[PDB]
Each structure stands twice: as C-alpha cells, then as structure tokens.
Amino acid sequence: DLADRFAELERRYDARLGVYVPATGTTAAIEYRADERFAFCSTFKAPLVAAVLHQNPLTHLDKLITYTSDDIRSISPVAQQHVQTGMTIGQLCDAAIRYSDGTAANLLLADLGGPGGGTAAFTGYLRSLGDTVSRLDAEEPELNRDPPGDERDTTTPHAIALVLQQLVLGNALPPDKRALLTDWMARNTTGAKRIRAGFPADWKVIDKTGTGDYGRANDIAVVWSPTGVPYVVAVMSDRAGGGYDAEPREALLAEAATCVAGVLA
C-alpha cells in the first residue's frame, strides 16, 4: 500500500511525513497525514506572492521598496545584496519564491499591510481561499521558532495543496497573475534535491521549498506529465524527535516524490 511505503520512509528516516496530491478527473487523491499540522516554513512565501498579486494591479510590481541592513533579520540571498538600491515589488516576489528570500517575504507582508506586519492579512488571504486551518503568526525568522505542538505558523498538506491547486491550476487569480506565480515557481533555484529529484526528467516541476528547525523540510509543487497532465504535490516533513536541531532531510522528500510519481505515471 502507498500508505505503508510512506510509513516505511518515516521509520527509515525517523521522520514524520505528510503528503497530499489532490484528486483529478483521472486520478485518486494521495493522502498521508494530510490533516495533521506541519510548519509552513518558507513554503508560505509562494501564497504570499499570490496575496500581493491578488490585491494589486500588475503596475504595483514596479514599485521601489527601500530598506536597510537592519531589515536583514533572516536568510535573504538577494535582498542583502541590494540594500543600497532597494528592490521593486516584482524583484521581491522573484527573490521570495526563487531564493526563499526572507527579507523579501517580510517586505511583502508589510506590503499587504495591517496589524502583525502583514501576517494577519496573509492568513486572511488563505481564509478567502477556503482555508480555515492555516495560520501565520510571525515574520521571518521568528515564525521558525514554534516548537512541535504549537499551532502557530502551521498548515496541513491538505490545506496547502488545495491552496496551490487553486492558485496555479484554478481560478483563485486572474490568468495573467497566475502566469507570474507559475513562471517564478518554474525558475526556482532551491528545489533540485526535493520533489524534482523524484520525478522523471520528462515531467515538468515548479515548486517552492521550505526548511526550518526540528528537521523541517517541505516542498510544494505543481508537476506536468509528459502528456501535459498537471498535478499538485505537497510534501511536508519534520524530524522533531531529534530536537530543535534535528537535521532536515531533502532525500526524504525526494523518495516521497518518487513513490508519488510511481502512482501518477
């Protein structure tokens, strides 16, 4: 049973694995711990970009955001090199998705506005998509500090998969905006050893990764079959039994994805 093989992975990596592939017209759902909470980690940066796209005309992408060295409080591979010049909103969306840029994320949260530096607004966005489970309670990097059993800054594989489904493959965004989210995810630089590593070369993979404490490693993806048939793959993992500094394990996600591709191909 596919469920039994996921349990094999949990046992072998001493991990908790959560999987959701939504059903389609020609496939069953794949569900494993799909309604258990897992930390978002950097995965929220993809729907965050969708929020900003949703809320604004595309001309907003050209708005210049200036910030300081003092705004670099989290892993920010792009923003930390542009403190002198600032970055447009479009550049931040790019950085947030393609390089998990945590300062870009923080700036895009402030862009949504309102109490919580934008965290309330973000969660509200997910609520507008039908998601009553997910919650973002802090910015980077504090949103990573939540220990197991604290529901702050968590989602479920089921919730995040269905959010991604609506954003990339559904009608949550107008198709021009959707195209952007998709293109950015298609050119991600962080995802080569996760879901991408588990799918044959003839399948297309776009994704957004996340890594945190307690061995947290997530990847959410949209994949296209050699036929052009698209599916959403959400894979979430932690290794919390090893403590706050348990090693995150990309290969766990890669194996999970391989098992998923075996079912879908």
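Start at 1 and count along the sequence shown; that's the residue number.
Between the stretches 227-235 and 214-222, it is 227-235 that shows the larger average CA temperature factor. Remark: stretch with higher mean C-alpha B factor among 21-29 and 248-256 is 21-29. Among 76, 171, 123, 154, the highest C-alpha B-factor in the deposited entry belongs to 171.
Out of 163, 143, 96, 179, the entry records its largest CA B-factor for 143. Ranked by C-alpha B-factor against the other modelled residues of its chain, residue 51 falls in the middle third. Sorting the modelled residues of the chain by their CA temperature factor places residue 65 in the middle third. Sorting the modelled residues of the chain by their CA temperature factor places residue 92 in the lowest third. Among all modelled residues in its chain, residue 131 ranks in the lowest third by Cα B-factor. Per the deposited record, the Cα B-factor of residue 34 falls in the middle third when ranked against the other modelled residues of its chain.
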